[PDB]
Structures are given as C-alpha cells and as structure tokens.
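Have a look at the structure below, then the notes.
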Amino acid sequence: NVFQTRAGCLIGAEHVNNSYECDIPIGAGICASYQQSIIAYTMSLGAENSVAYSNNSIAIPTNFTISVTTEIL
Amino acid sequence: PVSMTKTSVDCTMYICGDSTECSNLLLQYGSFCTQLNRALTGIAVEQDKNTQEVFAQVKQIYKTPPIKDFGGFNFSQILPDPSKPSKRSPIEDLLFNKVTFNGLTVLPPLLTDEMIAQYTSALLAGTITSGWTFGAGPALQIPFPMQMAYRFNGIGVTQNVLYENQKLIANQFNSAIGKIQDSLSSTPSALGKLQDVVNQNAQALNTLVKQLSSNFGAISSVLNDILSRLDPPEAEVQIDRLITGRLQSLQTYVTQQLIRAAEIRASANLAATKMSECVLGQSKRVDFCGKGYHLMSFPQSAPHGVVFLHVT
Amino acid sequence: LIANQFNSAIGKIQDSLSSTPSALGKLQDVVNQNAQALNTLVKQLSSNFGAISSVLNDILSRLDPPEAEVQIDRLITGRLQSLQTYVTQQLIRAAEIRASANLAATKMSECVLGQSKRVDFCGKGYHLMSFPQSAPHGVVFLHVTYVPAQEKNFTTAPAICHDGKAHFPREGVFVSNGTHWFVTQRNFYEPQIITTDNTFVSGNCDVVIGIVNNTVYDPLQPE
Ligand SMILES: *[C@@H]1O[C@H](CO)[C@@H](O[C@@H]2O[C@H](CO)[C@@H](O)[C@H](O)[C@H]2NC(C)=O)[C@H](O)[C@H]1NC(C)=O
Ligand SMILES: *[C@@H]1O[C@H](CO)[C@@H](O[C@@H]2O[C@H](CO)[C@@H](O)[C@H](O)[C@H]2NC(C)=O)[C@H](O)[C@H]1NC(C)=O
Ligand SMILES: *[C@@H]1O[C@H](CO)[C@@H](O[C@@H]2O[C@H](CO)[C@@H](O)[C@H](O)[C@H]2NC(C)=O)[C@H](O)[C@H]1NC(C)=O
Ligand SMILES: *[C@@H]1O[C@H](CO)[C@@H](O[C@@H]2O[C@H](CO)[C@@H](O)[C@H](O)[C@H]2NC(C)=O)[C@H](O)[C@H]1NC(C)=O
Ligand SMILES: *[C@@H]1O[C@H](CO)[C@@H](O)[C@H](O)[C@H]1NC(C)=O
Ligand SMILES: *[C@@H]1O[C@H](CO)[C@@H](O)[C@H](O)[C@H]1NC(C)=O
Ligand SMILES: *[C@@H]1O[C@H](CO)[C@@H](O)[C@H](O)[C@H]1NC(C)=O
C-alpha cells in the first residue's frame, strides 16, 4: 500500500521482505518489480558463498568448458 | 573517483518559481526545459552505472573463515570490523571520516554505502581465500602462503624464496599495512582527489543558485516584485529579460555538468579496469598497479570513490 | 570434446542473439539519441521566441523591413541558440563515441590479433582467442575463453622432505589423494609421480613451514 523509503514516498507498491535482483531502480537500495502486483524490496547483491579455506587444502579443477561470450561496442 | 552526486534541477520551477505568467512566457522558447531535464537524468543514471561497473564484478558474496590464520599475514586492517555498527574496515572508517529550495534535488545513490562495503568485503574474502581463481570461474580454495608463492613465481622469483623467508615477509606486509593507516590519518590532503569532485559540484550548484539574484537588465531580481508592481502588458518585458538570463545560466550549468560527468566516467572506467586486473588477477603492466613488481591489490570503498592498496 | 564444446558455444551464441531483442541495446541507444537530437533540433523551428510568428515568410510578406527586423532578429537569436546547443551536444557525444572506438580498437588489437593476459579484458575466464564481427555502426567480439570446472578437494604441502632436502614443485603443485603424494599442474588435475625431474632442491627440511615426509623417485636408480 504505502511504503516510506529514503528516496521518498512510494504509493501502490507492496513492500516485500524477500530479496531479489534489481528490476526497476528506486534508490537507496530499494528496487521495484512486477510479479500479480508491484512489489518493492531491498536489492540482493548475490548468492551467499563461503569457500572452505584451511591451511593445507587446495581445490583443483578436473575438467573444463569452453565458453564464448559477446561484447558489443 | 567513481561517481559524483546525482543532482536534478526543475527547469520550470528554477526559471519561473510558482508563477503561471512566467510559465506561459517560458513555453515560447520550445522544449529547452525538457532537454535540460533529460541531460541531468542521463547523468544521474550514468552515476549508478559507474558504481555498478566498479564494484559489482563478483556474483557470489564470499566470506572469510571465522578462524583467521593465513600463515602470519594479518588482514585485520582491511577486513570488516563487526564491533563497529557499520561493518567497515578501520581503513574504510578513516576514509569516510577524512572526506567532508529552488527546484534543486539530490537523488540518493542506488547502492547504499553498506552495499558497497559488502561488495568490497566479498572481493577481499575471495582474493584472500582463493587468489585469482574466483575471478575466472569457480572459487578454488588455496592456502594463502601457497598463493603468495604463486605470485612470487609470477614475477621471476622462485617460490622457495617466499617459504624460506615466510615469517619475514608476513612481518613486512603487516608493517606496511599499518603505515598506510597512519599516513592517511596524519595527512589531511591524502584524499584530495575525491574532495575535488565534491568541491566542484558544490561550487557549481552554489553559483547556479546565486544567479537567481541577478537583474539581467530587469527592474528587479524578484519575479513577485515585478508581478506586484506592474500589469502584464509591460511586466512581460521584465519577465522576458529574467527568463533569458536564468535560462542561459541553467544551460551553462548543464553543459559544465556534462563535461565533468564525462571526466568522472573516464575515471570510473579506469577504476573498473584496475579492479579487474590489479585485484582479480596479477598484472605484468608496469606502473599500472603501483611502483615495483605487482603482487596483489586490496580494494577499499571510499565516499564517491575507490582506494586500492597495491602490494608490490 | 573441445571441438564439440566450441561448436555448441557458437550455436548457443547465435541462438541467444536471435532470441533476445535487447542484446544490441548499445548501438540502438546511440541511434535513438542521435535521432531524438535531430528531432528536437527540427522541432525548435516552430517556436516563436517572442516573435509574432514562427515562419519567416509570414513576417516578410506582412511587415516592412524596418519593423520586421525585430521579429527576424528574435527568431535568429532563438534558432542560433538552439543550433549551438545541438552542436555542443553532438561534440560531447562524438567524444564519447571516439573513446568507445579507441577501446574497441584496443580490444581488436589485443584480443583478436593476439592472446591477452589481462583479466576480464577479453571476456570472463582465461582468454583463448576472439573473433570479430561487423555490426551496423559497431563491432561485436566473440571471446572464446577457458573456464575450469568440476574441481575437487585435496591436501597440499609447500614442499617434500627427502634425504634431508626440501623439494619444491618445478611447475605444478603437490597434492595428496589421502595416502600418496603426486604433483600436478595448477589448472588441470593430471597427477604424476614426484620425481627429480619435476622438482628442484633448495635447502633442508628445517626452514619451510608445513613440509611433509615423502619419497622422491629417482629416474637413475633403476639403472
Ligand atoms: C567434462 O565435461 C563435459 C561436458 O562439458 C563432459 O562431457 C560429457 O560426458 C558425458 C559422460 O560420457 C556424456 O554423457 C555427455 O554427453 C558429454 N557431454 C558432451 C557435451 O560431450 C566430459 O565427460 C567431462 N569430462 C570429465 C572427465 O568428466
Ligand atoms: C592483527 O593485527 C591487529 C592490529 O591491530 C592486532 O590487533 C591488536 O592487537 C593488540 C595486541 O597485540 C591489541 O592491543 C589491540 O587492541 C588490537 N587491535 C585491534 C583493532 O583489535 C591483532 O592482534 C593481529 N592479530 C594477530 C593474530 O596477531
Ligand atoms: C590414491 O592414489 C593411489 C595411487 O594411484 C591409489 O593406489 C592405487 O589403488 C588402486 C585401487 O585400489 C590399486 O589398483 C593400485 O595398485 C594402487 N596404486 C599404488 C601405486 O599403490 C590409492 O587407492 C588412492 N587412494 C584413494 C583414497 O583414492
Ligand atoms: C619426517 O621425517 C623426519 C626424519 O626423516 C622426522 O624427523 C625425526 O623426528 C624425530 C622425532 O622428533 C627425531 O627423533 C629424529 O631425530 C628426526 N630425524 C631426523 C633425520 O631429523 C620428522 O619428525 C618426520 N615428520 C613427521 C611429521 O613425522
Ligand atoms: C519482514 O520481517 C520482519 C521482521 O524483521 C517482520 O516484522 C515483517 O512483517 C516482515 N515483512 C513481511 C512483508 O513479511
Ligand atoms: C572440501 O571440503 C570442505 C570441508 O568443509 C567442503 O565443505 C567442500 O565442499 C569441499 N569441496 C568440494 C569441491 O567438495
Ligand atoms: C595448519 O593448522 C594446524 C592447526 O589447525 C596446525 O597444526 C598446522 O601446523 C598448520 N599447518 C600449516 C602448514 O601451517
């Protein structure tokens, strides 16, 4: 309904507690997206990861993929 | 410097205040106000793109292990400090402490300072726990002394040099880190580069505001005085002169902002390149990642900028 | 396997380009900006700027020169200001495009004509090569890169102690599968027996921290 953000007052967007990637940038870490209504949430910087580090452990790849990407200029 | 303050100026309210007669006279010039608003909006979006390209280069958010023992290397001055209610490293806190209407608005940045701090923490954790692997695929764990042996091998020094002087090198590293924190605290001109951007933008806005008190040939610089002292047939002339002067001032501000935004974006692209090469890998480019043979780099968030600690 | 992966990547790239209309948004943004600037410049011709009419022919055919001079001067001032604004914006955008073209030329020289060690300059991963492709008012690079995968978990040692001497890996790294020790290259798991031709000797087993006991095979003892 009504949601107060550091970038002002947002009307018509239901604040949603889960975090996703940014779709429409509102500001101050707040992003809005359409799911069916418009929701406003806090952007997520990425999936959590904690690589197991110890002083005598190394991870070595065993096989590989050839990946091709496009860059437009 | 990475980004500057995102500012937006209402052309109609700046030129004409809240006067409908002035708005009707302003419509005679076409779509100047639309062009100015469009240019300022483009600059504002470009600032968010700058910060995204500099810091948002990793997908996952890596974390350092709770037990922090890396063969004698001591990263307490660059890792986030949970004791403070900011999750900033001590150097980041020092950096954030060293830096100091009329239709004018300041749009908040898309990425909060806490989010940039989390991106920096993820980069530091990835570099510490996996070397340069996490920047080119899956994060492969490796003991930090072994990673520094690889980096020593990358500059023409055999790895047995590192191990046989391991506790020596760690000491030097720690001492160097400490000295950085001292110098920044003892030198008020260390962060001049960011302060130049802040001062330039603030001074431009101050001059733009101060241009509202100029007669420009009219009988007064206050629009309400002209309206309350004259009737439309000859008040239109005075309002026209004020409109011309204020419109030219706003045009000058917009052009200056476009040029300065181009400069800032060039610096942001340089910072993104240094984040990709100096931080996510080891660079053989001379003087690109500091004086000497580059070993590694540590990014640090700064208000409207990025600070690289080049270990060489 | 590598040839099959390369062909699959090329096919996937073509399919992604065909199925996504927003992939080429950069060139479209440039074209839209130029067209919109031209449209604004042309639309500025229909503004009075304070004159009685926005058409010079009407003023010429309605008023004598002595009084039509003021209207023509106002129109001239307005149109000159609009044209100057357009030219300044075009200069700034041309500088932007020149910077982008310099970056594209650098990428063509370093990613296509050779192999680049710069991280993320020629695509994500370890750069293998690049292929140029023409685009309307632009260039598209196909960065072929090597991405390691299916990593696995190992116990490593900085050096191997044998006969009171410390042996360091000449090119790879020492690994352990649980009971035995091998030496393998850092970017691919190809274990090999620790011999005297893939390790070098430096010092004794007292300085290095974390050294482990293992036997170093000698290719001369059998004979
Ligand atoms: C490396 O990964 C590739 C996939 O990129 C594996 O290729 C697959 O192998 C399985 C097992 O025989 C087949 O069923 C699939 O059809 C193969 N895929 C392709 C695209 O050829 C390859 O086996 C992997 N190598 C190792 C040693 O695990
Ligand atoms: C890593 O370095 C920091 C540098 O501050 C050490 O932390 C200090 O340790 C001393 C005692 O040696 C304390 O008096 C200070 O209060 C500590 N400062 C902070 C900010 O905690 C830390 O001990 C070092 N870690 C190791 C394992 O040596
Ligand atoms: C670690 O590697 C060694 C060396 O390859 C493995 O020992 C082999 O084990 C197989 C299967 O049991 C035997 O057929 C070979 O003769 C062994 N080779 C030698 C040289 O002894 C060992 O099994 C591996 N360990 C693990 C846990 O995978
Ligand atoms: C690795 O092997 C060496 C010998 O090759 C071991 O060193 C011995 O350690 C014992 C126990 O402290 C001493 O009594 C011997 O005199 C040492 N021998 C030599 C030749 O120095 C060493 O302890 C072994 N390492 C491990 C982890 O077991
Ligand atoms: C989010 O979680 C908080 C707890 O901090 C709770 O009070 C709030 O109702 C939640 N919001 C939604 C939309 O679930
Ligand atoms: C290596 O071991 C750790 C132990 O905590 C485990 O979490 C990690 O997933 C292992 N890595 C792989 C690739 O299996
Ligand atoms: C790793 O840490 C353990 C304690 O967890 C210690 O006993 C061992 O000596 C360390 N190994 C190296 C190579 O530093």
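Numbers run from 1 along the shown chain.
Header entry for method reads electron microscopy, 3.2 Å.
Using the three backbone atoms N, Cα and C, a Cβ is placed for every residue, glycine included.
DSSP assigns C:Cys122 (disulfide bond) to coil in the three-state reduction, placing it in neither a helix nor a strand. Counting only same-chain residues at least 6 apart in sequence, those with a Cβ under 8 Å from the Cβ of C:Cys122 (disulfide bond) are C:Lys107, C:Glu110, C:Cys111, C:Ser116, C:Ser130, C:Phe141, C:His143, C:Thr145. Taken from Swiss-Prot, the feature disulfide bond applies to C:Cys111-C:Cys122 (among others), supported by experimental evidence.
Here Swiss-Prot flags C:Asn153 (among others) as N-linked glycosylation site, drawing on experimental evidence. Counting only same-chain residues six or more apart in sequence, none has a Cβ lying under 8 angstroms from the Cβ of C:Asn153 (N-linked glycosylation site).
What Swiss-Prot records for C:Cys161-C:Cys205 (among others) is disulfide bond. For C:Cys205 (disulfide bond), the number of other Cβ atoms no farther than 10 Å from its own Cβ, over all displayed protein chains, is 17. Under the DSSP three-state reduction, C:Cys205 (disulfide bond) is assigned to coil, being neither helix nor strand.
What Swiss-Prot lists as N-linked glycosylation site is C:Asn177 (among others), and the listing cites experimental evidence. Residues near C:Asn177 (N-linked glycosylation site) in space but far in sequence (CB under 8 A, at least 6 apart, same chain), listed by position: C:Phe154, C:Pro191.
The number of other Cβ atoms within 10 Å of the Cβ belonging to C:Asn213 (N-linked glycosylation site), over all protein chains shown, comes to 10. The annotation N-linked glycosylation site is assigned in Swiss-Prot to C:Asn213 (among others) on the grounds of experimental evidence.
It is C:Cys161, among the disulfide-bonded residues C:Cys111, C:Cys161, whose Cβ has the fewest other Cβ atoms within 10 Å in the structure shown. C:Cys161 (disulfide bond) and C:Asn213 (N-linked glycosylation site) are 5 Å apart (CA-CA, integer value).
In sequence order, the recorded positions near chain A (CB to CB under 8 A) are C:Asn153, out of C:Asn153, C:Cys161, C:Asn177.
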